[PDB]
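**Student:** Opening with a subset of the complex:
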Amino acid sequence: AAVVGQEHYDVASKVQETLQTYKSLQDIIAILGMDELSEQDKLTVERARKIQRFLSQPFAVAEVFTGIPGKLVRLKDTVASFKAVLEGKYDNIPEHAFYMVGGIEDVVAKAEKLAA
Amino acid sequence: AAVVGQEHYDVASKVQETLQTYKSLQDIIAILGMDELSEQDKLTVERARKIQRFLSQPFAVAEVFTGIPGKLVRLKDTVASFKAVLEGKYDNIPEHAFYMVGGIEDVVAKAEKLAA
Amino acid sequence: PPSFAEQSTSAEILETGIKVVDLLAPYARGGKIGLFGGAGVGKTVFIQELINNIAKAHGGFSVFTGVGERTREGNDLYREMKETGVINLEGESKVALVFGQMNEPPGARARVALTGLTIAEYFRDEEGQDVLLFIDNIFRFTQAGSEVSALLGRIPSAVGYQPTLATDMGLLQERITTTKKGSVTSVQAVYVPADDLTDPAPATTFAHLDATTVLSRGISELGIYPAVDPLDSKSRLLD
Amino acid sequence: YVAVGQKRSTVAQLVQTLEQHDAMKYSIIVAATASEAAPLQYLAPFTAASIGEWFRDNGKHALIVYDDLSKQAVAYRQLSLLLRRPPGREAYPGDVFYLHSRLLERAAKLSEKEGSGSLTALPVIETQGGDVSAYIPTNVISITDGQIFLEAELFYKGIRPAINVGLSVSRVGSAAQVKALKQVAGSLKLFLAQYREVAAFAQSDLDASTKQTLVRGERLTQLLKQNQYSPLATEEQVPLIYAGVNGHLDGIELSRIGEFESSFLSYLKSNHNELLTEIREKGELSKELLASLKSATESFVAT
Amino acid sequence: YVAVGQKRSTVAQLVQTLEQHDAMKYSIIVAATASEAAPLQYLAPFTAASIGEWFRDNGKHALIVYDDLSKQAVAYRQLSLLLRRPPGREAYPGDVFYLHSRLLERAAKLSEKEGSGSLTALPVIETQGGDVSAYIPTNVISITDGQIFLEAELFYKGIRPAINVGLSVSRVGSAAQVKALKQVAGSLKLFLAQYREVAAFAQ
Amino acid sequence: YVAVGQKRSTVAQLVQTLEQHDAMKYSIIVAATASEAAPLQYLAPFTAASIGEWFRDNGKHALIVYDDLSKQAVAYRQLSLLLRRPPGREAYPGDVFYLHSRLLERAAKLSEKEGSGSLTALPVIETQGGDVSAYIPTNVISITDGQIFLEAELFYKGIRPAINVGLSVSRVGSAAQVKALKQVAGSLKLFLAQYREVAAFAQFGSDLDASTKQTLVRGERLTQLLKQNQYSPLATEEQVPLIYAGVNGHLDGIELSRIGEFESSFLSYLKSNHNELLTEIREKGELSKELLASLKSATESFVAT
Amino acid sequence: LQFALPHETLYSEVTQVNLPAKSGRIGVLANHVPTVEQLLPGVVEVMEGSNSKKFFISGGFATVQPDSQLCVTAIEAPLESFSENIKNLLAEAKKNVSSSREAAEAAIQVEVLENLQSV
Amino acid sequence: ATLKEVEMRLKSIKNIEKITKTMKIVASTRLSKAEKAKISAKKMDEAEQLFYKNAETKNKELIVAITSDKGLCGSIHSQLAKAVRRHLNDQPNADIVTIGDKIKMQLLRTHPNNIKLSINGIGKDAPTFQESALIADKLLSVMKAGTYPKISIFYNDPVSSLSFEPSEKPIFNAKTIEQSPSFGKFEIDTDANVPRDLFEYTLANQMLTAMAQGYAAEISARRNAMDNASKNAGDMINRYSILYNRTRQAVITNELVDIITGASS
């Protein structure tokens, strides 16, 4: 926090708790699947799976492997983006939208593209 | 039996069978709760748990750890109380009453002191 | 081993006369067949059948080699063979027996496979036949080769096997093959350590097998004889 | 009885136990106790092996218990390493197999020409946390004609002897059984096999078929508990295994199977000593003897 | 075609089927079968390397196939353990990497100044119960320009050639491929590679 | 503070922080960094043990942090393999145990005749993949008077310090706790165990009763109440009322995300108002019966905002 | 088809049905008036030309349909080939409970019981 | 990834796969038992409700939710609670009584002050009229049933074995019954509270049918779910088996090396 500041600090931790929880359940979901999770658990997973896909980023140098021209997001850009997702402000968006795109603007774009 | 008598040997064997069963059932308890059980079983478990605790005991040496006074139990008192426990002559008393106490005197003493 | 010149250019089925085998898991001529299963599955009866059938249908002898033999079973086999008359003290035999039992020291147990193989290799080159060479058990040959390595004070390889393990197998297996003169086909009992198909021993062995014949307890219990599992026993020559 | 690397006080007590059963008079203890030089612990089983063969070679029969081979292998190891012979898996020399093969291959049934004598072998092998893949157990398992398999799990359940049936085999098997015991038990391995497969069904709504299977199994398993030191005569086994297999205990509750055996046998002794005598003497069961036992059972079970 | 640690029988039939398709006329085969000496099976890929290297040098194109490196590595473990060098992971000598690295580094494309000859390594690793993470495979993957991981589970279901997509990658050919196909296969890769994790959340 | 096998800048980054906290005036760092000779690395802890043995011998109390023994052993392995002494398990020397045992025994609490000086040791040990059953950790684990296990899983889900209560012990125990802390911490550690118990049974997601839901609510809040930011050690009298509020269940009807704000808001108020308690707890270290009263009142008061 | 207990459903074509209605016994027939009536705790009977088969019952509902199908629904139910001492010993405990909301339920037993005695 | 771990890890999965495979086969027999009570209840639904077909009765709302207390049966409760919220959009202030906890838990989280009563100890055995009457009774008792403008029971209908269906069905009350268009056709003697009874007994009967169908839909689900658990733990076992052998294997080599090196010196 002394370096990145309380918010970036907290958007981080909360992202990690989310991912760590998804990780803890990897076993129940492996055998029982999703239907046996509670309600709060169930959400975290759908959210974590979104955070997870959102952490992926097209690289310009790796273009000959994605096909999609690469993106560079900024620090202030990234934190806001993730904070919004962690406030569930995007829950209503197909998990796929979060995959391999830039910042939060690119998510709303791709989701409109696919919802057509 | 040749060394300790039959009764001692029988109590000692049954206590062992009890706990062995209770150990064997810990799969079905985790997965399908305590709900999904035969009635004899439900009782065997009830008795096994009561028994687990009656096997602990405050040592004098370890007062620094329990703040509980050291209790020493006579061998005949051991066998009698376990015998009693085993035949169900104590099924009403709560689990905690057997934990960190001496002889069956102390089980009764605690049972009441707590119900107060 | 017969040079790259003396090689068979085509793979070819050896007829055994057994329906299950020929239809589902057909044998290579001059090929190597991993035979699987312990007791209670008529292993020796089945072996004797092939010795008989390779002799009767084709017209070639058989050499049964006991590598790491339990002696009890050597006495059984030998008697059972006489009783079945594949051995004929009075008339003619169809099979030569080369035993190298457990009690024998590691050197002995390593070489017996070759001892027998040599004998079989005579009937393919001198008499130009299609001979059966049996090896029971190809694993204990491996085992033995390990002990020799340890005693010779060489550094164990991975999982304690002989550093030489591949080439050791090669030297053996590469003499078991088709020539223009004839062929030696081998049926080799295969034990699998800790039920682990990835253990160096079977790993390295499968590298030479062309067909597995798996007899099964489930199959004998259903009354089916031979107790070959129709589904498991797979031949890599069924193309 | 070849005692290897045991506490002397144990051996002493094993002696004091056979003398308490008048068994010493026909037993030999070769003792290579915990504290003795490794060579002696290495040697003892071969040493005792040659003692057995005396009987084998002389038209008689011995049986030899190696307690245990685990500790013999440990001993051989000590010698080798110290002699700086090169080590392999777990620091055993290459010829640790050859050690045990040599030992156990000496056991046999000799042919008529040899006096038809015999030597039987009971090597003891100590697993560690149940590891049959462990180096030594592997070797030995692959030398022997089978295993009697013990498990502390079964033991704390109270099933003593604690024999895992599913894991125990005797490659010799059929051929070595009092024909009479083999007569009323070809079904026994069958029943206990199917009882192992429907076992987890012991926890509310089971159909009468798999209900029944659980009814035999518990009783049967109970019937094979046996207090220490009290081995049963064949003519004393076959009745109990008969009443069991042919369903004369399904009526009886599972706790009474204890006192059942005691009272059955003493009753059979007084009121049917003649059938017992035929089993002990003929070693087989007549079509008549089967109706004899059947009748005597149905009479005791009714009573 | 280098034939490292193979059978004499396997090679025969492999030549037969190369003559049956006429491809013999334009191909050289070097083989060091499972009987031959450890240092033969070890030296084989290298000598094949030079044989191919001639073409890459005299302005032509050659395709070398190392079948396989896992059996070559194993021959090396042989010598190395008989020469009493310490065993590393899976009893392999510390230099087992350098073996393959210094080999593959020869398969190569030349500059316009050196005739533009080319030599194309198709080494073959063989894994164990599907294990990519193993000490040999990793070494070779950390040497090569990608890998075509063939998964058995697919091949058992009749999918042939059983290429696992999310575990195969060409590293430098996605700029070497024929235009026509690249145009018509827009992203096809991660389509199928992320199609596998989805259909595996249905049952 | 003994730096063993650390990179230099990392010892720097650290003495800076000590100074940023005016903590350097009472410390002595002893450094055997990454680049120094194996012999110096191996030696440091011993030399250091002596530096602070001075304090113990002379009536004072030092605290020695060995950060960390896994590396000292890595280096001690290096002297030996190169001196050609034949190796033990994982190539370590045969007496790699003796190595640590003799160091760690040098920590002790002297008798009155000898000046009552103490030396206290916090060795550090780094595992791999959570395995505590590897050679060295095992060695030291049985040498010391207890351990604190930190865990990565705990960390990432927000328990920081990522202490593992389940596995951490102090074998001295309550003998070294402050009486006040002891009094209100009665049974907490056992309870926190029972809590993991009920939380494992919770995974069955089968309906809870008023007893299990009860202990779940408290355990969750207790867990949360022990979380703590780096660089912020608390006075005993700040700790005590927190623990008391949690244990006697005054926190149990408060949102989980809000327990953060509870802590400082509580302390703020206690300083402001009932400072006379806070100063007694401190001065006396023991909650007398009336002090439990004032505190009892004081907490209830505040929980109603 | 149309005469059901919740655990066991019974009948299917009918020539005469006798029922114990809300107000006294009644008899449905080949064509009858569409009616609903509470079924009192008493005997019933089916017909198939000249076929006598009487059941007891707990009570419920009858419903003669416009389409002419009669639907009869009760809870529990052969005649004397079903239900003396079984009745007697119970009747004892019944009357006893009446002298006791709880004893009100026993009032229900006396009438239901007394009825069954007549069979 | 030590050997000690991997071993016991692999055990407890085998032990799980056992239980799950027991579960499956146990459901198979239990679905056969609850198959006959879904034919004997859906038939008594015939004789009853036919009267209502002829006198076509068209309907402070009372929603009754039906499931069980049991988990381990897929989305039975999850997707029934959703159709109950789909219908609970159009009347945000409608009272609910829940039968079975898993549904109560579900709605308790989303319409937390809608529910006024709850029942439990249900989906263990096949439901009987005895229950279906006592719940109907208590619905009359505390819930003030007849005094409701409208009542609908929500249950999981069983479409096949592999699939079920969240379903709704209308209960009509005394007034609705009198007021029904063709009530006139039925010469029901106005001889004291006659439509009342028909209601009070169509509430128990309708409720039963739902419960029979709900339970037999749940049992199917439990069966199918447990079935997939066995397939997965089946596939997991396979993986860990392979991992086990690797670790074993290396344990042997790394252990051996320690000796070899000790030995050369």
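**Tutor:** Here it is on my side, so go on. Numbering: from 1, shown residues only, chains lettered A, B, ... in the order given.
**Student:** Which stretches in chain D count as strands?
**Tutor:** For chain D, the strands defined by DSSP state E cover D:2-4, D:30-32, D:61-67, D:118-123, D:146-150, D:163-170.
**Student:** Also chain G?
**Tutor:** G:16-20, G:25-29, G:36-39, G:44-46, G:53-55, G:60-64, G:70-74.
**Student:** Tabulate those (CSV), appending distance to residue F:233 and mean neighbour count.
**Tutor:** Every C-beta, even on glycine, is put in place using the N, C-alpha and C of the backbone. Formatted as CSV, these follow (distance: least, CB to CB, whole Å; neighbours: other CB atoms under 10 Å in any protein chain shown):
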stretch, distance to residue F:233, mean neighbour count
strand G:16-20, 87, 18
strand G:25-29, 91, 14
strand G:36-39, 80, 22
strand G:44-46, 86, 18
strand G:53-55, 85, 15
strand G:60-64, 77, 24
strand G:70-74, 77, 22
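**Student:** okay if I get these as CSV plus distance to residue D:56?
**Tutor:** Below are these laid out as CSV (distance: least, CB to CB, whole Å):
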stretch, distance to residue D:56
strand G:16-20, 93
strand G:25-29, 97
strand G:36-39, 91
strand G:44-46, 88
strand G:53-55, 84
strand G:60-64, 88
strand G:70-74, 85
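**Student:** The ones you listed: which one's closest to chain A?
**Tutor:** When these are compared by CB to the nearest CB, strand G:70-74 sits nearest chain A, at 38.0 Å.
**Student:** what's the closest of the strands of chain D to chain C?
**Tutor:** Closest among the strands of chain D, using CB to the nearest CB: strand D:163-170, at 8.8 Å.
**Student:** List the buried residues in that closest one.
**Tutor:** For strand D:163-170, burial by neighbour count (16 or more other CB atoms under 10 Å in any protein chain shown) applies to D:163, D:165, D:169.
**Student:** right, and the helix or strand after the helix or strand encompassing residue H:138?
**Tutor:** Using DSSP states H and E, residue H:138 sits in helix H:129-141. Where DSSP H and E defines the elements, the next helix or strand beyond helix H:129-141 is strand H:150-157.
**Student:** closest one to chain A among the strands of chain D?
**Tutor:** Closest approach to chain A among the strands of chain D is made by strand D:163-170 (26.6 Å; CB to the nearest CB).
**Student:** Packing partners of that closest one?
**Tutor:** The contact analysis (3 or more CB pairs under 8 Å, 6 or more residues apart in numbering or on different chains; DSSP states H and E) places strand D:163-170 against strand D:146-150, helix D:188-197.
**Student:** Dump the shortest one to CSV, keeping only the CA atoms.
**Tutor:** Extracted as CSV, the C-alpha positions of strand D:146-150 are listed here (Å, rounded to 0.1, in the frame of the first residue of the first chain):
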residue,chain,number,x,y,z
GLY,D,146,1.4,-68.3,-1.9
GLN,D,147,0.7,-66.1,1.1
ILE,D,148,-1.3,-65.9,4.2
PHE,D,149,-2.0,-62.2,4.5
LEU,D,150,-2.5,-60.3,7.7
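**Student:** For it, buried residues please.
**Tutor:** D:147, D:149-150.
**Student:** for the residues you listed, which one is nearest chain F?
**Tutor:** Closest approach between those and chain F, by CB to the nearest CB: residue D:150, at 27.4 Å.
**Student:** residues in contact with the closest one?
**Tutor:** Contact partners of residue D:150, counting by CB atoms under 8 Å, 6 or more residues apart in numbering or on different chains, are D:161-164.
**Student:** can you slot in chain I too:
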Amino acid sequence: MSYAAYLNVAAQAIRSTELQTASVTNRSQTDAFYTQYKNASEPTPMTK
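**Tutor:** Let me add chain I to what's already shown:
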């Protein structure tokens, strides 16, 4: 009991050693419990 249940006391006085083989003996044993719910919080427990 009720009217709703009228014919479940007329069927359970009329229940009470024949047909009661599983079927009816079990039709007679119901293990249900009700609990009223107030402002989240409940009211109290009781057998149905």
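**Student:** now stretch D:284-297, how far from the centre of its chain.
**Tutor:** Put simply, stretch D:284-297 sits 27 Å off its chain's centre (CA atoms, centre = their mean, to the nearest Å).
**Student:** those helices in chain I, which residues are they?
**Tutor:** In chain I, the helices defined using DSSP state H lie at I:23-27.
**Student:** ignore the last one, the stretch 101-250 of chain H
**Tutor:** Secondary structure of the stretch 101-250 of chain H, counting by DSSP state H, counting those that start in this stretch: helices at H:101-108, H:129-141, H:174-179, H:194-264.
**Student:** wait, which of the ones you listed is closest to residue C:75?
**Tutor:** helix H:194-264 (35.3 Å; CB to CB).
**Student:** touching chain D at all, the closest one?
**Tutor:** Yes: if you take CB under 8 Å from any CB of the partner chain as the test, helix H:194-264 does meet chain D, through H:248, H:252, H:255-256, H:259-260, H:263.
**Student:** most surrounded residue in these?
**Tutor:** When neighbours are taken as other CB atoms under 10 Å in any protein chain shown, the top entry among those is residue H:256 (23 neighbours).
**Student:** just the residues of chain C that are near chain B, which are they?
**Tutor:** Checking chain C against chain B by CB under 8 Å from any CB, there are no hits.
**Student:** Which stretches in chain C count as helices?
**Tutor:** In chain C, the helices defined using DSSP H lie at C:19-24, C:43-53, C:71-84, C:106-125, C:138-151, C:165-173, C:200-206, C:217-221.
**Student:** In TSV: the helices of the stretch 101-250 of chain H, plus distance to residue I:14.
**Tutor:** As requested, the helices of the stretch 101-250 of chain H are exported to TSV (distance: least, CB to CB, whole Å):
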stretch	distance to residue I:14
helix H:101-108	33
helix H:129-141	13
helix H:174-179	27
helix H:194-264	17
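**Student:** Any idea what the residue positioned nearest the centre of chain C is bridged to?
**Tutor:** Nearest to the geometric centre of chain C sits residue C:188, at 2.3 Å (CA atoms, centre = their mean). Judged by DSSP bridges, the bridge partners of residue C:188 are residue C:34, residue C:135.
**Student:** how close does it get to residue C:173?
**Tutor:** 9 Å (CB to CB, to the nearest Å).
**Student:** got any residues that touch both of these two?
**Tutor:** Counting by CB under 8 Å, 6+ apart, the residues touching both residue C:188 and residue C:173 are residue C:32.
**Student:** For the host helix or strand of residue H:23, enumerate the helices and strands it packs against.
**Tutor:** For residue H:23, the host element (DSSP H and E) is helix H:3-36. When contacts are defined as 3+ CB pairs under 8 Å, 6+ apart, helix H:3-36 sits against helix B:6-32, helix H:194-264.
**Student:** about what we covered before: right, and the helices of the stretch 101-250 of chain H - which one's nearest residue B:32?
**Tutor:** Minimum separation from residue B:32 across these (CB to CB) falls at helix H:194-264, 10.4 Å.
**Student:** How far off centre is the closest one?
**Tutor:** Helix H:194-264 has its C-alpha centroid displaced from the chain centroid by 18 Å (CA atoms, centre = their mean).
**Student:** And for stretch D:158-177?
**Tutor:** That offset, for stretch D:158-177, works out to 7 Å (CA atoms, centre = their mean).
**Student:** what sits against the residue lying closest to residue G:39 once chain neighbours are set aside?
**Tutor:** Nearest in space to residue G:39, with sequence neighbours left out and distances taken as CB to CB, 6 or more residues apart in numbering or on different chains, is residue G:60 at 4.6 Å. Applying CB under 8 Å, 6+ apart, we find residue G:60 in contact with G:38-39, G:72-75, H:201, I:7.
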